[PDB]
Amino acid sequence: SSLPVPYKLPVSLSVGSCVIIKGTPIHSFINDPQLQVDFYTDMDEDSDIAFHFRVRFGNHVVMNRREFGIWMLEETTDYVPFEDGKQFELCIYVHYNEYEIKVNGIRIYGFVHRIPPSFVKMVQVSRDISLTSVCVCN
């Protein structure tokens, strides 16, 4: 891996920001690797989470938020167009009302803001992946 995992990046996000994550799962899909991205409101991992994104490769994605320390209503999609064994590109674009999530150029979901994205102070990338790069663009 080019970066440590878990990778905790301090960030300032605004509408128009794009978080681009490139990496590779460290297990084949029959071994169910996971990839997790958390948009944290502080560096402390017990802080609230504006957007939690957990992929079970070859299976499904779960999304949620954590508010006042409580996990809210979970959202899910079965569209996870990752390829077994290959590097992926995960783009999270901050729109005015939602995070748009793209996997290898394919829009899979729009997760609507329940707190403003400017409250996000740290992005954590975790679980069963090797990381090539993380970019934050405006």
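Just count from 1 along the sequence shown to find any residue number.
Visitor: Quick one: say whether 36 to 44 or 76 to 84 has the higher mean Cα B-factor in the deposited entry.
Guide: Between 76 to 84 and 36 to 44, it is 76 to 84 that shows the higher mean C-alpha B-factor.
Visitor: Say you rank 53, 111, 71, 96 by Cα B-factor from the PDB entry; which sits at the top?
Guide: Among 53, 111, 71, 96, the PDB entry lists the largest C-alpha B-factor for 96.
Visitor: Among the modelled residues of its chain, does the C-alpha B-factor of residue 104 lie in the lowest, middle or highest third?
Guide: Within its chain, residue 104 is a highest-third residue by C-alpha B-factor, going by the deposited values.
Visitor: Hey, what third does residue 126 fall into on Cα B-factor, ranked over its chain?
Guide: For residue 126, whose C-alpha B-factor we compare with every modelled residue in the chain, the answer is the lowest third.
Visitor: If you rank the chain by CA B-factor, which third does residue 31 end up in: lowest, middle or highest?
Guide: Bottom third by C-alpha B-factor.
Visitor: Determine, from the deposited record, the chain-internal third of the Cα B-factor for residue 115: lowest, middle or highest.
Guide: Within its chain, residue 115 is a highest-third residue by C-alpha B-factor, going by the deposited values.
Visitor: If you rank every modelled residue in this chain by C-alpha B factor, which third holds residue 136: lowest, middle or highest?
Guide: Lowest third of the chain for residue 136's C-alpha B-factor.
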